[PDB]
>>> print(open('my_file-v1.pdb').read())   # PDB, C-alpha atoms (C1' of nucleotides) and all ligand atoms
ATOM      1  CA  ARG A   1     105.174 337.353 -19.925  1.00  0.00           C
ATOM      2  CA  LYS A   2     101.756 339.056 -20.431  1.00  0.00           C
ATOM      3  CA  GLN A   3      98.627 339.814 -18.349  1.00  0.00           C
ATOM      4  CA  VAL A   4      94.952 338.704 -18.508  1.00  0.00           C
ATOM      5  CA  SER A   5      93.260 338.436 -15.052  1.00  0.00           C
ATOM      6  CA  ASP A   6      89.956 337.604 -16.856  1.00  0.00           C
ATOM      7  CA  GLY A   7      89.443 334.275 -18.632  1.00  0.00           C
ATOM      8  CA  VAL A   8      87.165 331.429 -19.670  1.00  0.00           C
ATOM      9  CA  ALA A   9      87.522 327.689 -19.089  1.00  0.00           C
ATOM     10  CA  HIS A  10      86.273 325.694 -22.094  1.00  0.00           C
ATOM     11  CA  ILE A  11      86.033 322.027 -21.148  1.00  0.00           C
ATOM     12  CA  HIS A  12      85.343 319.464 -23.861  1.00  0.00           C
ATOM     13  CA  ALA A  13      84.018 316.352 -22.092  1.00  0.00           C
ATOM     14  CA  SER A  14      83.470 313.440 -24.451  1.00  0.00           C
ATOM     15  CA  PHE A  15      82.898 309.868 -23.337  1.00  0.00           C
ATOM     16  CA  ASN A  16      86.405 308.715 -24.191  1.00  0.00           C
ATOM     17  CA  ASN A  17      88.262 311.789 -22.987  1.00  0.00           C
ATOM     18  CA  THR A  18      88.004 315.320 -21.608  1.00  0.00           C
ATOM     19  CA  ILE A  19      90.045 318.223 -23.006  1.00  0.00           C
ATOM     20  CA  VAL A  20      90.449 321.385 -20.934  1.00  0.00           C
ATOM     21  CA  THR A  21      91.338 324.697 -22.553  1.00  0.00           C
ATOM     22  CA  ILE A  22      91.854 328.059 -20.849  1.00  0.00           C
ATOM     23  CA  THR A  23      91.316 331.184 -22.877  1.00  0.00           C
ATOM     24  CA  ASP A  24      90.635 334.911 -22.808  1.00  0.00           C
ATOM     25  CA  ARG A  25      87.297 336.561 -23.626  1.00  0.00           C
ATOM     26  CA  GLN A  26      88.352 336.846 -27.292  1.00  0.00           C
ATOM     27  CA  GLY A  27      88.616 333.062 -27.546  1.00  0.00           C
ATOM     28  CA  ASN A  28      92.408 333.035 -27.877  1.00  0.00           C
ATOM     29  CA  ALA A  29      93.983 329.928 -26.314  1.00  0.00           C
ATOM     30  CA  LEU A  30      96.033 330.740 -23.213  1.00  0.00           C
ATOM     31  CA  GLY A  31      96.749 327.188 -22.033  1.00  0.00           C
ATOM     32  CA  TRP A  32      95.574 323.599 -22.372  1.00  0.00           C
ATOM     33  CA  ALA A  33      95.824 320.125 -20.892  1.00  0.00           C
ATOM     34  CA  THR A  34      94.010 316.830 -21.606  1.00  0.00           C
ATOM     35  CA  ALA A  35      93.253 313.762 -19.515  1.00  0.00           C
ATOM     36  CA  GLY A  36      94.621 311.360 -22.092  1.00  0.00           C
ATOM     37  CA  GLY A  37      97.965 313.131 -21.985  1.00  0.00           C
ATOM     38  CA  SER A  38      98.248 313.481 -18.219  1.00  0.00           C
ATOM     39  CA  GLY A  39      99.229 309.840 -17.686  1.00  0.00           C
ATOM     40  CA  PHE A  40      95.850 308.202 -18.199  1.00  0.00           C
ATOM     41  CA  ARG A  41      94.880 305.705 -20.881  1.00  0.00           C
ATOM     42  CA  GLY A  42      91.833 303.716 -21.913  1.00  0.00           C
ATOM     43  CA  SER A  43      89.840 302.610 -18.891  1.00  0.00           C
ATOM     44  CA  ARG A  44      91.416 305.265 -16.612  1.00  0.00           C
ATOM     45  CA  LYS A  45      91.491 308.028 -19.218  1.00  0.00           C
ATOM     46  CA  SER A  46      87.704 308.194 -19.186  1.00  0.00           C
ATOM     47  CA  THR A  47      87.317 308.997 -15.515  1.00  0.00           C
ATOM     48  CA  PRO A  48      86.392 312.110 -13.548  1.00  0.00           C
ATOM     49  CA  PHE A  49      89.712 311.875 -11.684  1.00  0.00           C
ATOM     50  CA  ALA A  50      91.679 312.032 -14.923  1.00  0.00           C
ATOM     51  CA  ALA A  51      89.669 315.133 -15.874  1.00  0.00           C
ATOM     52  CA  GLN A  52      90.516 316.618 -12.503  1.00  0.00           C
ATOM     53  CA  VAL A  53      94.292 316.434 -12.909  1.00  0.00           C
ATOM     54  CA  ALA A  54      93.749 317.738 -16.427  1.00  0.00           C
ATOM     55  CA  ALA A  55      92.152 320.833 -14.893  1.00  0.00           C
ATOM     56  CA  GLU A  56      95.002 320.997 -12.376  1.00  0.00           C
ATOM     57  CA  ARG A  57      97.776 320.646 -14.955  1.00  0.00           C
ATOM     58  CA  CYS A  58      96.068 323.309 -17.044  1.00  0.00           C
ATOM     59  CA  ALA A  59      96.004 325.817 -14.189  1.00  0.00           C
ATOM     60  CA  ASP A  60      99.809 325.492 -14.061  1.00  0.00           C
ATOM     61  CA  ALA A  61     100.386 326.258 -17.734  1.00  0.00           C
ATOM     62  CA  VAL A  62      98.288 329.462 -17.570  1.00  0.00           C
ATOM     63  CA  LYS A  63      99.081 331.287 -14.342  1.00  0.00           C
ATOM     64  CA  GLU A  64     101.996 332.771 -16.281  1.00  0.00           C
ATOM     65  CA  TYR A  65      99.409 335.420 -17.206  1.00  0.00           C
ATOM     66  CA  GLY A  66      97.962 335.511 -13.705  1.00  0.00           C
ATOM     67  CA  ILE A  67      94.295 334.907 -14.432  1.00  0.00           C
ATOM     68  CA  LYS A  68      92.091 335.676 -11.408  1.00  0.00           C
ATOM     69  CA  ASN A  69      88.487 335.331 -12.660  1.00  0.00           C
ATOM     70  CA  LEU A  70      86.887 333.043 -15.211  1.00  0.00           C
ATOM     71  CA  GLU A  71      83.738 331.584 -16.741  1.00  0.00           C
ATOM     72  CA  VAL A  72      83.207 327.901 -17.487  1.00  0.00           C
ATOM     73  CA  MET A  73      81.918 326.407 -20.736  1.00  0.00           C
ATOM     74  CA  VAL A  74      80.821 322.778 -20.339  1.00  0.00           C
ATOM     75  CA  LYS A  75      80.574 320.856 -23.603  1.00  0.00           C
ATOM     76  CA  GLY A  76      79.687 317.157 -23.908  1.00  0.00           C
ATOM     77  CA  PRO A  77      78.280 314.340 -21.761  1.00  0.00           C
ATOM     78  CA  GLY A  78      81.271 312.448 -20.318  1.00  0.00           C
ATOM     79  CA  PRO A  79      82.814 312.506 -16.861  1.00  0.00           C
ATOM     80  CA  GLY A  80      84.890 315.575 -16.100  1.00  0.00           C
ATOM     81  CA  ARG A  81      81.892 317.714 -16.994  1.00  0.00           C
ATOM     82  CA  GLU A  82      81.732 318.559 -13.336  1.00  0.00           C
ATOM     83  CA  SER A  83      84.860 317.247 -11.581  1.00  0.00           C
ATOM     84  CA  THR A  84      87.023 319.309 -13.939  1.00  0.00           C
ATOM     85  CA  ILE A  85      85.202 322.461 -12.796  1.00  0.00           C
ATOM     86  CA  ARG A  86      85.821 321.596  -9.165  1.00  0.00           C
ATOM     87  CA  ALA A  87      89.597 321.230  -9.552  1.00  0.00           C
ATOM     88  CA  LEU A  88      89.734 324.661 -11.226  1.00  0.00           C
ATOM     89  CA  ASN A  89      87.944 326.296  -8.262  1.00  0.00           C
ATOM     90  CA  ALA A  90      90.295 324.672  -5.724  1.00  0.00           C
ATOM     91  CA  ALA A  91      93.409 325.547  -7.736  1.00  0.00           C
ATOM     92  CA  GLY A  92      92.779 329.184  -6.798  1.00  0.00           C
ATOM     93  CA  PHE A  93      90.086 330.413  -9.213  1.00  0.00           C
ATOM     94  CA  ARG A  94      86.981 332.563  -8.844  1.00  0.00           C
ATOM     95  CA  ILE A  95      84.123 331.139 -10.909  1.00  0.00           C
ATOM     96  CA  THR A  96      81.971 333.875 -12.399  1.00  0.00           C
ATOM     97  CA  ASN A  97      79.607 331.932 -14.629  1.00  0.00           C
ATOM     98  CA  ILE A  98      78.796 328.347 -15.541  1.00  0.00           C
ATOM     99  CA  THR A  99      77.251 327.569 -18.919  1.00  0.00           C
ATOM    100  CA  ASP A 100      76.501 324.364 -20.793  1.00  0.00           C
ATOM    101  CA  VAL A 101      77.212 324.807 -24.518  1.00  0.00           C
ATOM    102  CA  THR A 102      76.776 321.194 -25.616  1.00  0.00           C
ATOM    103  CA  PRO A 103      75.638 321.360 -29.230  1.00  0.00           C
ATOM    104  CA  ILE A 104      72.112 320.191 -30.126  1.00  0.00           C
ATOM    105  CA  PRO A 105      71.262 319.867 -33.826  1.00  0.00           C
ATOM    106  CA  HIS A 106      67.645 320.687 -34.728  1.00  0.00           C
ATOM    107  CA  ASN A 107      67.708 317.196 -36.234  1.00  0.00           C
ATOM    108  CA  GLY A 108      70.155 317.638 -39.123  1.00  0.00           C
ATOM    109  CA  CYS A 109      72.805 314.957 -39.762  1.00  0.00           C
ATOM    110  CA  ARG A 110      72.029 311.233 -39.535  1.00  0.00           C
ATOM    111  CA  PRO A 111      74.214 309.746 -36.770  1.00  0.00           C
ATOM    112  CA  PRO A 112      76.145 306.446 -36.988  1.00  0.00           C
ATOM    113  CA  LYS A 113      74.340 303.136 -36.528  1.00  0.00           C
ATOM    114  CA  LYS A 114      73.717 301.596 -33.136  1.00  0.00           C
ATOM    115  CA  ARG A 115      76.544 299.337 -31.969  1.00  0.00           C
ATOM    116  CA  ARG A 116      75.511 295.719 -31.688  1.00  0.00           C
ATOM    117  CA  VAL A 117      77.866 294.668 -28.897  1.00  0.00           C
TER     118      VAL A 117
ATOM    119  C1'   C B   1       5.303 298.779 -67.013  1.00  0.00           C
ATOM    120  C1'   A B   2       3.361 303.657 -65.463  1.00  0.00           C
ATOM    121  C1'   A B   3       2.847 307.607 -62.154  1.00  0.00           C
ATOM    122  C1'   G B   4       4.747 308.972 -57.429  1.00  0.00           C
ATOM    123  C1'   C B   5       6.805 309.603 -52.298  1.00  0.00           C
ATOM    124  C1'   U B   6      11.395 311.561 -49.053  1.00  0.00           C
ATOM    125  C1'   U B   7      13.556 308.841 -44.862  1.00  0.00           C
ATOM    126  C1'   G B   8      18.674 306.346 -48.398  1.00  0.00           C
ATOM    127  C1'   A B   9      22.124 309.208 -51.940  1.00  0.00           C
ATOM    128  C1'   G B  10      23.375 313.712 -53.940  1.00  0.00           C
ATOM    129  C1'   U B  11      23.436 319.538 -54.823  1.00  0.00           C
ATOM    130  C1'   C B  12      23.326 324.501 -52.584  1.00  0.00           C
ATOM    131  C1'   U B  13      24.908 328.398 -48.338  1.00  0.00           C
ATOM    132  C1'   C B  14      28.143 329.831 -44.211  1.00  0.00           C
ATOM    133  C1'   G B  15      31.929 328.225 -41.011  1.00  0.00           C
ATOM    134  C1'   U B  16      35.813 324.671 -38.338  1.00  0.00           C
ATOM    135  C1'   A B  17      40.123 321.523 -37.526  1.00  0.00           C
ATOM    136  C1'   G B  18      44.109 319.033 -39.897  1.00  0.00           C
ATOM    137  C1'   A B  19      52.256 316.551 -40.934  1.00  0.00           C
ATOM    138  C1'   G B  20      45.994 315.339 -46.849  1.00  0.00           C
ATOM    139  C1'   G B  21      48.393 316.308 -52.038  1.00  0.00           C
ATOM    140  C1'   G B  22      51.599 319.436 -55.888  1.00  0.00           C
ATOM    141  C1'   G B  23      54.779 323.785 -56.873  1.00  0.00           C
ATOM    142  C1'   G B  24      57.764 327.948 -55.404  1.00  0.00           C
ATOM    143  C1'   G B  25      60.326 330.742 -51.634  1.00  0.00           C
ATOM    144  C1'   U B  26      62.800 331.126 -46.988  1.00  0.00           C
ATOM    145  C1'   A B  27      64.948 330.083 -41.718  1.00  0.00           C
ATOM    146  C1'   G B  28      68.007 328.707 -37.786  1.00  0.00           C
ATOM    147  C1'   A B  29      70.882 324.575 -35.028  1.00  0.00           C
ATOM    148  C1'   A B  30      74.588 320.880 -36.176  1.00  0.00           C
ATOM    149  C1'   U B  31      78.086 317.866 -39.011  1.00  0.00           C
ATOM    150  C1'   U B  32      82.022 317.936 -42.841  1.00  0.00           C
ATOM    151  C1'   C B  33      84.989 321.051 -45.706  1.00  0.00           C
ATOM    152  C1'   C B  34      87.799 325.783 -47.133  1.00  0.00           C
ATOM    153  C1'   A B  35      90.533 330.501 -45.161  1.00  0.00           C
ATOM    154  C1'   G B  36      92.594 332.814 -41.036  1.00  0.00           C
ATOM    155  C1'   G B  37      93.785 334.395 -35.151  1.00  0.00           C
ATOM    156  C1'   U B  38      95.267 332.096 -30.223  1.00  0.00           C
ATOM    157  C1'   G B  39      97.683 327.836 -28.660  1.00  0.00           C
ATOM    158  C1'   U B  40     101.066 323.081 -28.363  1.00  0.00           C
ATOM    159  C1'   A B  41     101.603 317.773 -28.168  1.00  0.00           C
ATOM    160  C1'   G B  42      98.553 315.124 -28.598  1.00  0.00           C
ATOM    161  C1'   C B  43      93.706 313.898 -30.815  1.00  0.00           C
ATOM    162  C1'   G B  44      90.612 309.705 -32.101  1.00  0.00           C
ATOM    163  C1'   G B  45      88.838 304.930 -30.922  1.00  0.00           C
ATOM    164  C1'   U B  46      87.920 300.363 -27.767  1.00  0.00           C
ATOM    165  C1'   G B  47      86.084 295.890 -23.199  1.00  0.00           C
ATOM    166  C1'   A B  48      91.454 296.364 -24.151  1.00  0.00           C
ATOM    167  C1'   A B  49      93.751 297.891 -28.537  1.00  0.00           C
ATOM    168  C1'   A B  50      95.562 298.894 -33.265  1.00  0.00           C
ATOM    169  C1'   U B  51      94.714 300.819 -38.128  1.00  0.00           C
ATOM    170  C1'   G B  52      93.813 306.194 -38.615  1.00  0.00           C
ATOM    171  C1'   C B  53      94.854 311.746 -37.726  1.00  0.00           C
ATOM    172  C1'   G B  54      98.760 315.720 -35.657  1.00  0.00           C
ATOM    173  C1'   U B  55     104.913 319.820 -35.123  1.00  0.00           C
ATOM    174  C1'   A B  56     103.472 320.634 -43.570  1.00  0.00           C
ATOM    175  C1'   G B  57     100.874 322.520 -36.039  1.00  0.00           C
ATOM    176  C1'   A B  58      96.227 318.478 -35.338  1.00  0.00           C
ATOM    177  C1'   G B  59      92.548 318.070 -31.485  1.00  0.00           C
ATOM    178  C1'   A B  60      90.795 322.299 -28.330  1.00  0.00           C
ATOM    179  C1'   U B  61      89.162 327.660 -28.789  1.00  0.00           C
ATOM    180  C1'   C B  62      87.507 332.228 -31.564  1.00  0.00           C
ATOM    181  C1'   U B  63      86.366 334.373 -36.537  1.00  0.00           C
ATOM    182  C1'   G B  64      84.667 334.508 -41.676  1.00  0.00           C
ATOM    183  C1'   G B  65      82.902 331.545 -45.890  1.00  0.00           C
ATOM    184  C1'   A B  66      81.209 327.154 -49.083  1.00  0.00           C
ATOM    185  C1'   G B  67      78.020 323.050 -49.549  1.00  0.00           C
ATOM    186  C1'   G B  68      74.448 319.158 -48.804  1.00  0.00           C
ATOM    187  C1'   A B  69      70.828 316.754 -45.946  1.00  0.00           C
ATOM    188  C1'   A B  70      67.242 316.789 -42.155  1.00  0.00           C
ATOM    189  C1'   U B  71      63.885 319.934 -39.619  1.00  0.00           C
ATOM    190  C1'   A B  72      65.197 319.884 -31.735  1.00  0.00           C
ATOM    191  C1'   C B  73      61.669 322.313 -28.432  1.00  0.00           C
ATOM    192  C1'   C B  74      56.101 322.443 -29.873  1.00  0.00           C
ATOM    193  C1'   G B  75      54.926 316.653 -29.759  1.00  0.00           C
ATOM    194  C1'   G B  76      50.676 314.095 -27.203  1.00  0.00           C
ATOM    195  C1'   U B  77      47.571 305.748 -27.234  1.00  0.00           C
ATOM    196  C1'   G B  78      47.719 314.125 -31.008  1.00  0.00           C
ATOM    197  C1'   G B  79      45.978 315.132 -36.244  1.00  0.00           C
ATOM    198  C1'   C B  80      45.180 314.030 -41.878  1.00  0.00           C
ATOM    199  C1'   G B  81      44.746 310.522 -45.903  1.00  0.00           C
TER     200        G B  81
HETATM  201 MG    MG C   1      77.636 325.997 -40.460  1.00  0.00          MG
END
>>> encode(input="my_file-v1.pdb", output="C-alpha cells", more="lines below")
Ligand SMILES: [Mg+2]
Amino acid sequence: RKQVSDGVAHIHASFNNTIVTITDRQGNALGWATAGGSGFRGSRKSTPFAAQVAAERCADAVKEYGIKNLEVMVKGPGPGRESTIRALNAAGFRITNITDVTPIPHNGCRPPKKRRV
RNA sequence: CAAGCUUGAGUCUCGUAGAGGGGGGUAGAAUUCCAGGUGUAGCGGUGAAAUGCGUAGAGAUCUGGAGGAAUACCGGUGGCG
C-alpha cells in the first residue's frame, strides 16, 4: 500500500520473551511479531528458536512496503538477541548496521530483591 | 623545693594526597508517570501457572514533558576518618 525500502529492526529480548518490531528511520512501527504469540508458551517461549520464527513472521507482515535494507537494534539479555537477527538476514534482508541499545542506568533505581528459590 | 637541659610534646613557614565533615548549586543514564505519532493482539510472570495488564489500543517503537531517588565507566586486598 506504501513504500519504505529502508528500515530498522528493533528486537526486545527479555529473559521470558522476545518481541520483534520493524520500523522506518522515523521510529514509526511498520510491523511486529512476538515469540509468545507465535505458538510458543512458557518453557518454549523463551528459546532462540521461538525468537527466530518471530523474526520470520514479522518479515511477512512488513514486506507489504517492500523494505530492502535495515539496521538492527538489540535490546536485552535473553535468547533471540542473536538468532532473531539471523532469521531476518535469511528472510531476504540486507543488514546495514548492528547496534546494542540495552539500557544501563548510571546506578539510579533500586532493583527488586534477589529471589530465594 | 629551686634553677635548668632538648631528645618527648607543642608552635611557626612552604607544599602534597584524600568518597574526612557541613552548606549551596548543577549534570547525564534509567525506572515510573503524563501528552501525542506509528502500529495491532498480545504483554507480563513462572519450574509450570494463575492473579494482573491490553482493542477505553496495551506491550513494542519514536517524540515532548513532570517527578523522585541513586550516582555506571573511573574503581583497585585504592583512599579518608
Ligand atoms: Mg527520563
>>> residues_near_ligand(input="my_file-v1.pdb", ligand="ligand MG 1 (chain C)", cutoff="9 Å", atoms="all atoms listed in the file", output="list in words")
residues 29, 30 and 31 of chain B
>>> write_last_selection(input="my_file-v1.pdb", atoms="C-alpha atoms (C1' of nucleotides)", output="PDB file, in the coordinates of the input")
ATOM      1  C1'   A B  29      70.882 324.575 -35.028  1.00  0.00           C
ATOM      2  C1'   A B  30      74.588 320.880 -36.176  1.00  0.00           C
ATOM      3  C1'   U B  31      78.086 317.866 -39.011  1.00  0.00           C
TER       4        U B  31
END
>>> closest_residue(input="my_file-v1.pdb", among="B:59, B:78, B:65, B:25", to="residue 41 in chain B", atoms="all atoms listed in the file")
B:59
>>> residues_around(input="my_file-v1.pdb", residues="residue 66 in chain B", least_positions_apart="4", cutoff="12 Å", atoms="all atoms listed in the file", output="MDAnalysis selection string")
chainID B and resid 32:35
>>> atom_distance(input="my_file-v1.pdb", atom1="CA of residue 95 in chain A", atom2="CA of residue 56 in chain A")
14.9 Å
>>> closest_residue(input="my_file-v1.pdb", among="A:90, A:74, A:4, A:20", to="chain B", atoms="only C-alpha atoms (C1' of nucleotides)")
A:20
>>> atom_distance(input="my_file-v1.pdb", atom1="CA of residue 1 in chain A", atom2="CA of residue 25 in chain A")
18.3 Å
>>> resolve_selection(input="my_file-v1.pdb", expression="the PyMOL selection byres ((chain A) within 12 of (chain B))", output="mmCIF file with C-alpha atoms, in the coordinates of the input")
data_model
loop_
_atom_site.group_PDB
_atom_site.id
_atom_site.type_symbol
_atom_site.label_atom_id
_atom_site.label_comp_id
_atom_site.auth_asym_id
_atom_site.auth_seq_id
_atom_site.Cartn_x
_atom_site.Cartn_y
_atom_site.Cartn_z
ATOM 1 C CA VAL A 8 87.165 331.429 -19.670
ATOM 2 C CA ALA A 9 87.522 327.689 -19.089
ATOM 3 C CA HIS A 10 86.273 325.694 -22.094
ATOM 4 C CA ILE A 11 86.033 322.027 -21.148
ATOM 5 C CA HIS A 12 85.343 319.464 -23.861
ATOM 6 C CA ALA A 13 84.018 316.352 -22.092
ATOM 7 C CA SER A 14 83.470 313.440 -24.451
ATOM 8 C CA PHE A 15 82.898 309.868 -23.337
ATOM 9 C CA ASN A 16 86.405 308.715 -24.191
ATOM 10 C CA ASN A 17 88.262 311.789 -22.987
ATOM 11 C CA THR A 18 88.004 315.320 -21.608
ATOM 12 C CA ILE A 19 90.045 318.223 -23.006
ATOM 13 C CA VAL A 20 90.449 321.385 -20.934
ATOM 14 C CA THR A 21 91.338 324.697 -22.553
ATOM 15 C CA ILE A 22 91.854 328.059 -20.849
ATOM 16 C CA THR A 23 91.316 331.184 -22.877
ATOM 17 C CA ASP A 24 90.635 334.911 -22.808
ATOM 18 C CA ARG A 25 87.297 336.561 -23.626
ATOM 19 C CA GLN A 26 88.352 336.846 -27.292
ATOM 20 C CA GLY A 27 88.616 333.062 -27.546
ATOM 21 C CA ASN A 28 92.408 333.035 -27.877
ATOM 22 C CA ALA A 29 93.983 329.928 -26.314
ATOM 23 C CA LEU A 30 96.033 330.740 -23.213
ATOM 24 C CA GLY A 31 96.749 327.188 -22.033
ATOM 25 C CA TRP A 32 95.574 323.599 -22.372
ATOM 26 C CA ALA A 33 95.824 320.125 -20.892
ATOM 27 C CA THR A 34 94.010 316.830 -21.606
ATOM 28 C CA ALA A 35 93.253 313.762 -19.515
ATOM 29 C CA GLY A 36 94.621 311.360 -22.092
ATOM 30 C CA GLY A 37 97.965 313.131 -21.985
ATOM 31 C CA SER A 38 98.248 313.481 -18.219
ATOM 32 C CA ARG A 41 94.880 305.705 -20.881
ATOM 33 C CA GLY A 42 91.833 303.716 -21.913
ATOM 34 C CA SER A 43 89.840 302.610 -18.891
ATOM 35 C CA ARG A 44 91.416 305.265 -16.612
ATOM 36 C CA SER A 46 87.704 308.194 -19.186
ATOM 37 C CA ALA A 61 100.386 326.258 -17.734
ATOM 38 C CA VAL A 62 98.288 329.462 -17.570
ATOM 39 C CA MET A 73 81.918 326.407 -20.736
ATOM 40 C CA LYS A 75 80.574 320.856 -23.603
ATOM 41 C CA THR A 102 76.776 321.194 -25.616
ATOM 42 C CA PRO A 103 75.638 321.360 -29.230
ATOM 43 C CA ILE A 104 72.112 320.191 -30.126
ATOM 44 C CA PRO A 105 71.262 319.867 -33.826
ATOM 45 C CA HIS A 106 67.645 320.687 -34.728
ATOM 46 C CA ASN A 107 67.708 317.196 -36.234
ATOM 47 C CA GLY A 108 70.155 317.638 -39.123
ATOM 48 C CA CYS A 109 72.805 314.957 -39.762
ATOM 49 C CA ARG A 110 72.029 311.233 -39.535
ATOM 50 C CA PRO A 111 74.214 309.746 -36.770
ATOM 51 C CA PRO A 112 76.145 306.446 -36.988
ATOM 52 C CA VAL A 117 77.866 294.668 -28.897
#
>>> residues_around(input="my_file-v1.pdb", residues="residue 53 in chain A", least_positions_apart="4", cutoff="10 Å", atoms="all atoms listed in the file", output="CSV table (one decimal) with C-alpha atoms, in the frame of the given file")
chain,number,residue,atom,x,y,z
A,33,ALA,CA,95.8,320.1,-20.9
A,34,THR,CA,94.0,316.8,-21.6
A,35,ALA,CA,93.3,313.8,-19.5
A,38,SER,CA,98.2,313.5,-18.2
A,39,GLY,CA,99.2,309.8,-17.7
A,40,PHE,CA,95.8,308.2,-18.2
A,48,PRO,CA,86.4,312.1,-13.5
A,49,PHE,CA,89.7,311.9,-11.7
A,57,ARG,CA,97.8,320.6,-15.0
A,58,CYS,CA,96.1,323.3,-17.0
A,59,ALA,CA,96.0,325.8,-14.2
A,80,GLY,CA,84.9,315.6,-16.1
A,83,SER,CA,84.9,317.2,-11.6
A,84,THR,CA,87.0,319.3,-13.9
A,87,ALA,CA,89.6,321.2,-9.6
A,88,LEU,CA,89.7,324.7,-11.2
>>> atom_distance(input="my_file-v1.pdb", atom1="CA of residue 70 in chain A", atom2="CA of residue 82 in chain A")
15.5 Å
>>> residues_around(input="my_file-v1.pdb", residues="residue 20 in chain B", least_positions_apart="3", cutoff="12 Å", atoms="only C-alpha atoms (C1' of nucleotides)", output="VMD selection string")
chain B and resid 79 to 81
>>> decode(input="my_file-v1.pdb", residues="range 53-98 of chain A", atoms="C-alpha atoms", output="PDB file, in the first residue's frame")
ATOM      1  CA  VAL A  53      10.013 -17.664  13.892  1.00  0.00           C
ATOM      2  CA  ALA A  54       9.076 -14.347  15.470  1.00  0.00           C
ATOM      3  CA  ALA A  55      11.586 -12.681  13.144  1.00  0.00           C
ATOM      4  CA  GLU A  56      10.227 -14.766  10.264  1.00  0.00           C
ATOM      5  CA  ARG A  57       6.569 -13.981  10.951  1.00  0.00           C
ATOM      6  CA  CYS A  58       7.486 -10.313  11.228  1.00  0.00           C
ATOM      7  CA  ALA A  59       9.161 -10.250   7.817  1.00  0.00           C
ATOM      8  CA  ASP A  60       5.817 -11.385   6.357  1.00  0.00           C
ATOM      9  CA  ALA A  61       3.752  -8.608   7.917  1.00  0.00           C
ATOM     10  CA  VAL A  62       6.100  -5.884   6.587  1.00  0.00           C
ATOM     11  CA  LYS A  63       7.097  -6.748   3.032  1.00  0.00           C
ATOM     12  CA  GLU A  64       3.845  -5.038   2.053  1.00  0.00           C
ATOM     13  CA  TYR A  65       6.060  -1.931   1.977  1.00  0.00           C
ATOM     14  CA  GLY A  66       8.929  -3.777   0.327  1.00  0.00           C
ATOM     15  CA  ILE A  67      11.758  -2.981   2.715  1.00  0.00           C
ATOM     16  CA  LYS A  68      15.169  -3.859   1.236  1.00  0.00           C
ATOM     17  CA  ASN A  69      17.740  -2.551   3.756  1.00  0.00           C
ATOM     18  CA  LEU A  70      17.700  -2.289   7.529  1.00  0.00           C
ATOM     19  CA  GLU A  71      19.597  -1.729  10.765  1.00  0.00           C
ATOM     20  CA  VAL A  72      19.243  -3.876  13.874  1.00  0.00           C
ATOM     21  CA  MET A  73      18.719  -2.648  17.433  1.00  0.00           C
ATOM     22  CA  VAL A  74      19.388  -5.360  20.026  1.00  0.00           C
ATOM     23  CA  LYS A  75      17.880  -4.663  23.440  1.00  0.00           C
ATOM     24  CA  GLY A  76      18.037  -7.025  26.431  1.00  0.00           C
ATOM     25  CA  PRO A  77      19.876 -10.180  27.523  1.00  0.00           C
ATOM     26  CA  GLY A  78      17.638 -13.140  26.609  1.00  0.00           C
ATOM     27  CA  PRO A  79      17.843 -15.621  23.756  1.00  0.00           C
ATOM     28  CA  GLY A  80      16.758 -14.268  20.394  1.00  0.00           C
ATOM     29  CA  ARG A  81      19.284 -11.472  20.805  1.00  0.00           C
ATOM     30  CA  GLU A  82      21.186 -13.133  18.023  1.00  0.00           C
ATOM     31  CA  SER A  83      19.044 -15.889  16.474  1.00  0.00           C
ATOM     32  CA  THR A  84      16.343 -13.323  15.693  1.00  0.00           C
ATOM     33  CA  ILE A  85      18.882 -11.320  13.669  1.00  0.00           C
ATOM     34  CA  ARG A  86      19.858 -14.399  11.700  1.00  0.00           C
ATOM     35  CA  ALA A  87      16.302 -15.231  10.603  1.00  0.00           C
ATOM     36  CA  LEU A  88      15.879 -11.650   9.342  1.00  0.00           C
ATOM     37  CA  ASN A  89      19.012 -11.936   7.159  1.00  0.00           C
ATOM     38  CA  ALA A  90      17.867 -15.255   5.649  1.00  0.00           C
ATOM     39  CA  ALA A  91      14.327 -13.993   5.032  1.00  0.00           C
ATOM     40  CA  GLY A  92      15.785 -11.753   2.319  1.00  0.00           C
ATOM     41  CA  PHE A  93      17.235  -8.733   4.155  1.00  0.00           C
ATOM     42  CA  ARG A  94      20.425  -6.708   3.811  1.00  0.00           C
ATOM     43  CA  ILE A  95      21.829  -5.844   7.238  1.00  0.00           C
ATOM     44  CA  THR A  96      23.417  -2.406   7.277  1.00  0.00           C
ATOM     45  CA  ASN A  97      24.242  -1.929  10.941  1.00  0.00           C
ATOM     46  CA  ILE A  98      24.074  -3.839  14.208  1.00  0.00           C
TER      47      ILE A  98
END
